[PDB]
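Chain order of the listed sequences is X, G and C.
FYI, in full-length UniProt numbering the residues of the first sequence are 2 to 22, 30 to 34, 54 to 69, 72 to 81, 84 to 150, 153 to 382, 390 to 466.
FYI, in full-length UniProt numbering the residues of the second sequence are 1 to 382, 389 to 466.
FYI, in full-length UniProt numbering the residues of the third sequence are 1 to 382, 389 to 466.
Where is the CB? At the ideal position from N, CA and C, for every residue including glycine.
Heads up: the structure comes next, in structure tokens.
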Amino acid sequence: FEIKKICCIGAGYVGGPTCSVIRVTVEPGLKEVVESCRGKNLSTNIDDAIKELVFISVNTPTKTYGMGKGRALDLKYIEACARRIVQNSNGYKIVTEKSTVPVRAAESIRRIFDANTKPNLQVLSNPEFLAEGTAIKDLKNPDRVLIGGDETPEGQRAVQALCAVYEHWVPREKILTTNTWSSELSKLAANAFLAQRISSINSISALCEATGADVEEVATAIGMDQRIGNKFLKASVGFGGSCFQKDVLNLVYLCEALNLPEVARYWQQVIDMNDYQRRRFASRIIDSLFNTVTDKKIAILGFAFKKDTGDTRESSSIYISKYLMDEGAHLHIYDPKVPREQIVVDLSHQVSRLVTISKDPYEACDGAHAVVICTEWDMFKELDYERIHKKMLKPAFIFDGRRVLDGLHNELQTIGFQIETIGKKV
Amino acid sequence: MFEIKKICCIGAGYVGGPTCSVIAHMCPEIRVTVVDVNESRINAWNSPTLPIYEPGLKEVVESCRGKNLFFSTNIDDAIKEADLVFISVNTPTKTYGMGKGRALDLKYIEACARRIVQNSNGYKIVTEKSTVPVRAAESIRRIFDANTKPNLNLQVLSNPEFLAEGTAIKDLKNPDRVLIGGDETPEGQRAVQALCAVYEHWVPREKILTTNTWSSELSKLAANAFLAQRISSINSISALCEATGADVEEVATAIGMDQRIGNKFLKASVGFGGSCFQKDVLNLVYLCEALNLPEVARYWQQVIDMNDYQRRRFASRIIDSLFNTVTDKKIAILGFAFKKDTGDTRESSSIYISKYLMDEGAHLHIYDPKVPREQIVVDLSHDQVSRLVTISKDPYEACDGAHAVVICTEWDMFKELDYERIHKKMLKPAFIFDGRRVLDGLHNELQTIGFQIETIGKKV
Amino acid sequence: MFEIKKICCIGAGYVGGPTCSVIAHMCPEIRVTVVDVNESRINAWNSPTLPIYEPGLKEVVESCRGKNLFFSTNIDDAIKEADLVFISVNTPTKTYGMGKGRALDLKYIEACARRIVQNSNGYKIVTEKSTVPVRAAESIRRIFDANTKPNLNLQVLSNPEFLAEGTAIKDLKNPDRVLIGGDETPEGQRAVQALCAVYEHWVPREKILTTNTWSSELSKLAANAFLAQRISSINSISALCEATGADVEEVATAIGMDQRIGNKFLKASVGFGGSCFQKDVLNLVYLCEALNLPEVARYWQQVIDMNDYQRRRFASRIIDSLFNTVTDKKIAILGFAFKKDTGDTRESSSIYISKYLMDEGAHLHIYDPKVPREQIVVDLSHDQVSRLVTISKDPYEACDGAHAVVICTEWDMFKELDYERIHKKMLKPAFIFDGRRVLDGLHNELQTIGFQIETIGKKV
Ligand SMILES: NC(=O)c1ccc[n+]([C@@H]2O[C@H](COP(=O)([O-])OP(=O)(O)OC[C@H]3O[C@@H](n4cnc5c(N)ncnc54)[C@H](O)[C@@H]3O)[C@@H](O)[C@H]2O)c1
Ligand SMILES: NC(=O)c1ccc[n+]([C@@H]2O[C@H](COP(=O)([O-])OP(=O)(O)OC[C@H]3O[C@@H](n4cnc5c(N)ncnc54)[C@H](O)[C@@H]3O)[C@@H](O)[C@H]2O)c1
Ligand SMILES: NC(=O)c1ccc[n+]([C@@H]2O[C@H](COP(=O)([O-])OP(=O)(O)OC[C@H]3O[C@@H](n4cnc5c(N)ncnc54)[C@H](O)[C@@H]3O)[C@@H](O)[C@H]2O)c1
Ligand SMILES: O=c1ccn([C@@H]2O[C@H](COP(=O)(O)OP(=O)(O)O[C@H]3O[C@H](CO)[C@@H](O)[C@H](O)[C@H]3O)[C@@H](O)[C@H]2O)c(=O)[nH]1
Ligand SMILES: O=c1ccn([C@@H]2O[C@H](COP(=O)(O)OP(=O)(O)O[C@H]3O[C@H](CO)[C@@H](O)[C@H](O)[C@H]3O)[C@@H](O)[C@H]2O)c(=O)[nH]1
Ligand SMILES: O=c1ccn([C@@H]2O[C@H](COP(=O)(O)OP(=O)(O)O[C@H]3O[C@H](CO)[C@@H](O)[C@H](O)[C@H]3O)[C@@H](O)[C@H]2O)c(=O)[nH]1
Ligand SMILES: [Cl-]
Ligand SMILES: [Cl-]
Ligand SMILES: [Cl-]
């Protein structure tokens with residue numbers, strides 16, 4: 002068999018870029060690749078696209096209701112696709128799961144297809162591993178491509194059909210084929226391992242503040258062991274993004290459902306440590322400002338969950354801001370890329393009384409008691425802090441939640457700042 | 001401006017011996033004296049049979065023993081003459097009192113500090129090489145300052161060791177990094193830079209990391225904790241794989257191909273062993289509680305709880321598969337060392353799996369190709391060992407008339423055994439419990455032979 | 001030898017007013033200016049009717065107001081010319097955020113410190129008189145140092161107040177002790193001695209206690225906690241008495257005759273009230289948690305828990321005695337102030353007893369001979391107050407047709423009521439719940455009348 006026509010249900014943060022990179033019917056450099064394929068081999074006419084490989088790339092948010100609230104994934108969008116696919120299909124076609132789903136979700140899709148059969154739909158798993166802000170580079174040269182299918186003669190042929198698609202630009206040795214369940218579980222486990230590195234280095238940062246060690250020195254020493262590696266060891270106010278907390282909590286929920294309470298509380302610590310890192314950072318700001326920040330002006334420099342993006346989902350800036358808002362602080366928030374309308378939505382259910397969105401950092405720091413850096417934007421390293429200090433109330437504080445001002449502490453102390461950062465004793 | 005010409009190392013053990021032997025091999029113009037109180041251990045270093053077995057160690061000592069490397073019992077004289085003093089004594093877990101089973105016993109470290117400052121005059125650099133709790137150098141600096149002399153300048157540095165068992169000479173000659181910690185003071189940097197010059201004889205400068213004293217001490221603890229956390233994490237996944245139909249080896253491969261995660265230390269097992277992983281993680285946990293960091297303490301405690309859970313559930317799997325009773329049943333234990341290609345049994349998972357089965361009254365026949373039988377007898381004691395434990399001479403003796411074969415160590419020979427022969431003389435039904443994934447790919451044959459084979463991270 | 005000649009006090013409330021009035025009365029050659037942002041309160045000090053009532057206070061102000069005692073709204077000038085600045089502003093319990101219900105809100109203190117260091121030049125002594133958390137003076141010193149000027153020398157002292165309601169003038173003129181805390185430095189000791197000289201005009205030298213700044217702040221909190229602990233301890237005994245047949249009044253007398261224990265503050269009650277006991281104990285508990293002293297925190301938490309338990313069990317006793325339902329029943333609440341001879345109701349046990357009975361749907365008729373009716377409505381509000395709460399203007403109206411009479415405040419008139427008249431118009435059986443032991447000695451006469459009389463610390 003040879004795949005010649007590909008359909009992708011879901012043109013969002015994932016479905017769009019993946020298919021942009030065979031008649032395929034559905054970030055820096057993304058606008059360039061689409062323009063080279065739109066019209067030759069690259072609509073809302075969903076049924077005909079199905080009726081002529085089908086990628087499922089719809090959202091799977093954490094359930095905010097009912098049983099499993101705040102932990103389980105909501106599969107209602109996935110099932111809607113599966114019903115619509117089997118309605119419009121005859122013959123052979125390959126349905127491929129790309130959304131991040133719980134383990135054994137493909138069994139549900141196969142149940143729907145078999146119960147609505149006609150006088153041959155193969156289900157595969159193909160998770161996504163791109164990271165926001167670097168998606169195009171990750172899609173062009175991925176670390177690995179993961180494809181899962183059943184270990185039957187019918188299933189193994191569907192795997193090879195999808196492998197042939199990726200082999201046009203992915204080396205054969207970078208394409209890993211496993212069973213359906215191992216593929217789904219690997220996506221969840223991969224994100225848990227990444228988040229665990231951040232929570233582990235953040236746990237060390239608390240130890241450093243109490244011992245006089247430095248988390249940047251410790252991370253470097255840890256990272257030079259090639260069995261550990263030097264990636265994802267940057268201590269921070271807490272990891273954000275739309276997938277780390279969601280996938281770990283889903284993993285925890287899956288373990289509780291499968292009667293693995295030891296495994297559930299093992300991975301629960303990744304989330305608990307991240308929450309503790311946020312709460313103690315907020316309490317440090319509040320304590321340094323003499324235990325009261327009512328009507329005090331505080332500058333929030335950085336609102337995105339990481340640099341070089343406008344995404345704010347589960348950003349630590351949201352939680353740090355809400356902690357200070359509960360104390361009645363006057364927040365002046367600047368982010369060079371996050372839309373100002375988004376900041377208002379994130380801090381909403390108080391926003392009118394306490395939250396002001398500044399158009400430049402110097403406006404936000406004018407007359408403020410403290411500067412709180414939550415995002416590692418490169419521009420924060422280059423601000424004129426002697427100018428900022430002149431218009432700040434005294435004493436003036438800088439709370440660096442990202443280690444971006446390292447090496448600048450002596451100058452900032454000479455200017456008159458009390459500078460505090462994560463993983464460094466005050 | 002200073003140059004270290006004479007080195008003394010207090011402690012001629014697994015660390016002091018090989019580290020100083022390698023330092024002498026790369027530094028011909030520097031005398032290295034390794035001292036110890038143990039008289040028999042010192043003479044064994046000057047014997048043809050070295051007290052510790054390390055591949056390549058015997059040849060390195062013999063090329064320097066006599067030139068610039070020496071072993072001796074004269075601790076006071078070696079300290080008097082040295083420009084650099086290594087503290088490489090043991091720091092065992094306290095088995096008593098406050099912090100029992102978690103905190104480190106610093107009595108040997110303090111004895112060194114007392115003996116050093118007494119037999120010392122002038123300028124000397126004292127370097128912590130043993131695994132010590134964070135801020136232990138502060139205690140050493142207090143002992144030196146409270147027993148000072150005119151024109152006595154003792155500088156304290158931290159220089160932890162990261163060698164592993166079986167590849168120490170390989171690790172010492174080509175380290176991933178050399179870690180040195182000292183003060184920010186002018187005296188501190190000069191002592192740090194003097195020790196850098198020693199390592200620069202064979203370690204590139206980009207691989208020599210200098211930090212403050214506390215970061216150095218904590219990094220040794222944190223490094224071992226991060227490594228053990230990877231094993232417990234992949235072991236937690238192995239439990240998930242067994243309950244979902246996934247395979248932990250396939251999942252580990254998929255995870256490890258992310259270059260931010262890396263593909264090392266993802267081999268699921270019945271549980272990690274060795275003399276330092278559980279010891280350093282628990283010490284980390286104890287330090288956090290003492291510093292009022294309960295969140296950090298219970299975070300790293302999960303690494304130990306997961307390792308313990310992996311062991312217990314494996315023993316429960318054996319008992320449950322054997323019709324919920326193993327009383328008076330013969331069970332073969334293949335592998336007793338905590339890893340392959342060694343005779344070390346410290347904190348080996350085989351000890352705990354055996355004790356679980358011994359508590360049920362099972363008749364264990366234990367075979368290990370490298371571990372001495374007297375060590376196994378000591379490990380399973382506090389009798390019970392006489393009634394239940396038999397140490398076999400080859401795997402076929404241990405499997406003769408047994409209900410199950412339990413593989414706990416990844417010895418390569420276990421993969422190459424005659425299982426048709428073992429199956430014929432085993433009681434039926436015959437079980438294989440693979441706690442190391444060493445029999446992967448052999449499941450079809452073993453099942454065709456008639457075995458019920460069960461392994462970690464694979465649905466039965 | 002520095003000499004304090006002009007005193008400014010920021011805060012003309014219950015503390016700042018009387019304390020400065022007494023200082024002016026006893027120190028005729030010292031100018032005393034009490035300032036405040038509330039103009040209606042400042043004018044009330046200058047009017048022939050004071051804002052706060054204390055016996056003998058009206059005579060003190062009228063004897064000084066115009067000579068050396070002044071009440072102005074010009075805060076900046078009073079700070080400018082003062083040698084000593086009292087901070088006597090409110091420090092309420094935080095009702096929001098971290099530490100809600102336990103920590104103190106320091107925003108008013110900080111407002112003073114910033115305004116002082118802006119309107120100050122030269123040498124000035126700044127004195128904490130408000131009840132502040134421990135190390136609050138460290139925060140004031142940071143504001144002063146971070147906003148320093150040339151020739152600006154601000155010294156920070158602690159000087160808490162211990163006056164009680166009803167005896168403020170007596171306590172200020174003849175205090176058990178005057179407590180002054182300052183830094184143990186020559187600059188601090190000089191500032192301490194200058195403030196002692198002011199009090200030395202009428203306080204014996206041995207009654208003026210000088211400590212470090214932190215001991216002074218902590219002593220204010222601990223003193224109130226010790227007093228509240230005596231009440232909770234004797235209240236805990238009252239529960240034991242009810243279950244054993246002992247009498248809490250006999251036990252308290254027997255305990256109190258030990259001169260090491262003393263006979264003060266051993267009067268069992270439905271629970272202590274007032275604006276400072278619960279707030280200072282809870283603040284102490286919060287301080288111990290922030291400093292990682294959980295044993296000390298739960299030790300002092302027991303004072304509050306026992307006070308809450310004494311209240312809840314008294315309410316449950318009323319409900320249980322009334323055949324387990326009080327829905328739509330008329331209940332008379334005699335006494336709403338937190339103690340007799342005052343109209344203050346802050347944290348009054350009557351508030352909590354009333355809310356418990358309101359949650360059951362009882363019809364409360366509340367009488368207090370001094371509390372304004374509008375205050376009672378505010379205290380019992382969040389509706390529920392309109393349906394259930396009636397404010398009577400004499401006790402007999404409140405007891406007319408009621409099932410029970412609940413005495414929560416020890417007003418002397420409640421002992422002198424006509425209980426035969428009350429019994430005739432009460433529903434039967436008629437109950438009296440004495441939460442203050444005010445009807446002691448009347449139990450036989452009340453039982454003969456037909457009442458079921460129940461009181462704290464006496465078996466029924
Ligand atoms: N960095 C990342 O964002 C990323 C990377 C890897 C994996 N993932 C996973 O990939 C999935 C895609 O999420 P996303 O971030 O791209 O969100 P998204 O914005 O793409 O949301 C899915 C969108 O699909 C559209 N859609 C089209 N047809 C639909 C249908 N029939 N039913 C429902 N929706 C339909 C909807 O408009 C919806 O907003 C998630 O499960 C996510 O966890 C995300
Ligand atoms: N793989 C490893 O075992 C390894 C790896 C890195 C670091 N470390 C750490 O290095 C340290 C050294 O461990 P080891 O395995 O070499 O221990 P060891 O048991 O070999 O002890 C070292 C030697 O010190 C001697 N000694 C003790 N007190 C002495 C004193 N007062 N004077 C003279 N000699 C004295 C002992 O007799 C012993 O022979 C430990 O704290 C360990 O945690 C171990
Ligand atoms: N018996 C007692 O009530 C008593 C006994 C000892 C200690 N204390 C403590 O004394 C303190 C004051 O108690 P109080 O009952 O007198 O309070 P209060 O509310 O009666 O008086 C405080 C006064 O300060 C004024 N004020 C507040 N902030 C100001 C500012 N920035 N500038 C100028 N004026 C300002 C207010 O308007 C008010 O008139 C509290 O901390 C209390 O705990 C109380
Ligand atoms: O050393 C680090 C690395 C990251 N972070 C933070 O962790 C969060 C996640 O960062 P990153 O992983 O780059 O962002 P994502 O876009 O969420 O990418 C993750 O989530 C994707 C969706 O599941 C996966 O495909 C990717 O592999 C995985 O990296 C951000 O708030 C970062 O600031 C740290 O605090 N320290
Ligand atoms: O993927 C893996 C890797 C290791 N292990 C187990 O982990 C334990 C320890 O393995 P290893 O790291 O080789 O042991 P050691 O030889 O004691 O070395 C460790 O302990 C030393 C003592 O501190 C450190 O210096 C080294 O850096 C550190 O690797 C053994 O029981 C292994 O079976 C696994 O189960 N899975
Ligand atoms: O044996 C006793 C003594 C008192 N109380 C109760 O305790 C509370 C407090 O009474 P009291 O101490 O006289 O009232 P306050 O006017 O608040 O005075 C206290 O609170 C002040 C701070 O506000 C301190 O300065 C005083 O020293 C301290 O007595 C009231 O509800 C009393 O009914 C009892 O129940 N039993
Ligand atoms: Cl230090
Ligand atoms: Cl203990
Ligand atoms: Cl299956």
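Check your understanding: With C-beta atoms as the reference, is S236 (chain G) less than 8 Å away from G181 (chain G)?
Key -> No; because the gap between Cβ atoms is not below 8 Å, this pair is not in contact.
Review point. Going along chain G, which residues have a C-beta under 9 Å from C288 (chain X)?
Key: Those within 9 Å of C288 (chain X) in chain G are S236, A239, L240 and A243.
Practice item. Determine contact between the stretch 413-426 of chain C and the stretch 329-344 of chain C, defined as no fewer than three beta-carbon pairs at a distance below 8 Å. Key: The stretch 413-426 of chain C vs the stretch 329-344 of chain C: in contact.
Check your understanding: For chain G, is any of its Cβ atoms less than 8 Å away from the one on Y199 (chain X)?
Key -> So no, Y199 (chain X) is outside the interface.
Check your understanding: Whole-angstrom Cβ separation of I366 (chain G) and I376 (chain G), contact assumed at under 8 Å?
Key -> Contact between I366 (chain G) and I376 (chain G) holds: their C-beta atoms lie close to 6 Å from each other, under 8 Å.
Check your understanding: Residues of chain G with a CB under 7 Å from the CB of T253 (chain X): which are they?
Key -> Here the neighbours are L209.
Review point. How far does the alpha helix (DSSP H) with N224 (chain X) in it reach, from first residue to last?
Key: Boundaries of the alpha helix (DSSP H) around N224 (chain X): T213 to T244.
Exercise for review: Using three-state DSSP, classify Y309 (chain X) as helix, strand or coil.
Suggested key: Of the three classes helix, strand and coil, the one that applies to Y309 (chain X) here is helix, per DSSP.
**Study point:** Continuous alpha helix (DSSP H) stretch holding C9 (chain X): start and end
**Key:** Annotation: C9 (chain X) is outside any alpha helix (DSSP H); the continuous beta strand (DSSP E) that includes it extends over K6 to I10.
Exercise for review: Assign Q301 (chain G) to buried or exposed, taking buried as 16 or more other Cβ atoms, counted over all protein chains shown, within 10 Å of its Cβ.
Suggested key: By the 10 Å Cβ count, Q301 (chain G) comes out buried.
**Study point:** Contiguous beta strand (DSSP E) assignments of at least 3 residues, all confined to the stretch 321-354 of chain C
**Key:** Taking 3 residues as the shortest admissible run, the stretch 321-354 of chain C contains the following complete beta strand (DSSP E) segments, listed from N- to C-terminal end: 330-334.
Exercise for review: Could you name the residues of the same chain whose beta carbon sits closer than 6 Å to that of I234 (chain G), not counting the 5 residues immediately before and after it, in chain order?
Suggested key: Taken in chain order, the residues that qualify are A252, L266 and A268.
Practice item. Say whether the stretch 60-75 of chain C touches the stretch 10-24 of chain C, bearing in mind that this needs 3 or more beta-carbon pairs closer than 8 Å, one atom from each stretch. Key: Between the stretch 60-75 of chain C and the stretch 10-24 of chain C there are three or more C-beta pairs closer than 8 Å, enough to call the two in contact.
Check your understanding: Per DSSP, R65 (chain C) forms a beta bridge with which residues?
Key -> Bridge partners of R65 (chain C): C:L69.
Review point. Comparing alpha-carbon positions, which option in C:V134, C:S130, C:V89 and C:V85 lies nearest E289 (chain C)?
Key: The shortest C-alpha to C-alpha distance from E289 (chain C) to any of C:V134, C:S130, C:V89 and C:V85 is the one to C:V134.
Exercise for review: Taking C-beta pairs closer than 9 Å, name the residues in chain X that residue 469 (chain C) reaches, listed in chain order.
Suggested key: Any property of residue 469 (chain C) remains undetermined from this structure, which presents chain C solely from 1 to 466.
Exercise for review: Starting from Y367 (chain G), trace the beta strand (DSSP E) both ways and give me its first and last residue.
Suggested key: For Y367 (chain G), the enclosing beta strand (DSSP E) has its first and last residue at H363 to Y367.
Exercise for review: Could you pull out every residue in the same chain whose Cβ sits closer than 6 Å to the Cβ of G166 (chain X), ignoring the five residues on either side in sequence?
Suggested key: Counting only residues of its own chain and dropping the five nearest sequence neighbours on each side, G166 (chain X) has a CB closer than 6 Å to the CB of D341 and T342.
Exercise for review: Report whether the distance from the Cβ of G245 (chain G) to the nearest heavy atom of ligand 9 is below 7 Å.
Suggested key: Taking 7 Å as the cut-off, the C-beta of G245 (chain G) counts as close to a heavy atom of ligand 9.
Review point. Under the rule that 16 or more other beta-carbon atoms within 10 Å means buried, what is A113 (chain G), buried or exposed?
Key: By the 10 Å Cβ count, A113 (chain G) comes out buried.
Point to revise | Residue-chain proximity (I319 (chain X), chain C), Cβ-Cβ < 8 Å | key: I319 (chain X) counts as touching chain C.
Review point. Of all the residues that make up the stretch 359-378 of chain X, which are near chain C by a beta-carbon distance shorter than 7 Å?
Key: Listed in sequence order: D359, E360 and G361.
Exercise for review: For the beta strand (DSSP E) holding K149 (chain X), just list the boundary residues, first then last.
Suggested key: Segment: none, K149 (chain X) is in no beta strand (DSSP E) and carries neither H nor E.
Check your understanding: Is any heavy atom of ligand 1 found at a distance shorter than 7 Å from the C-beta of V89 (chain X)?
Key -> For ligand 1, at least one heavy atom lies less than 7 Å from the Cβ of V89 (chain X).
**Study point:** Alpha-carbon spacing of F439 (chain G) relative to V132 (chain G), whole angstroms
**Key:** In this model, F439 (chain G) and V132 (chain G) are separated by some 38 Å (Cα to Cα).
Check your understanding: Roughly how far, in whole angstroms, is the beta-carbon of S72 (chain C) from the beta-carbon of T33 (chain C), given that I think they are within contact range, below 8 Å?
Key -> That pair is a contact at about 6 Å.
Review point. Of all the options G:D308, G:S139 and G:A246, which has the alpha carbon lying nearest to the alpha carbon of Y108 (chain G)?
Key: Looking at the Cα atoms, G:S139 is the closest of the given residues.
Practice item. Can you pull the chain C residues whose beta carbon is under 7 Å from the beta carbon of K434 (chain X), in chain order? Key: Those are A146 and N147, listed as they occur along chain C.
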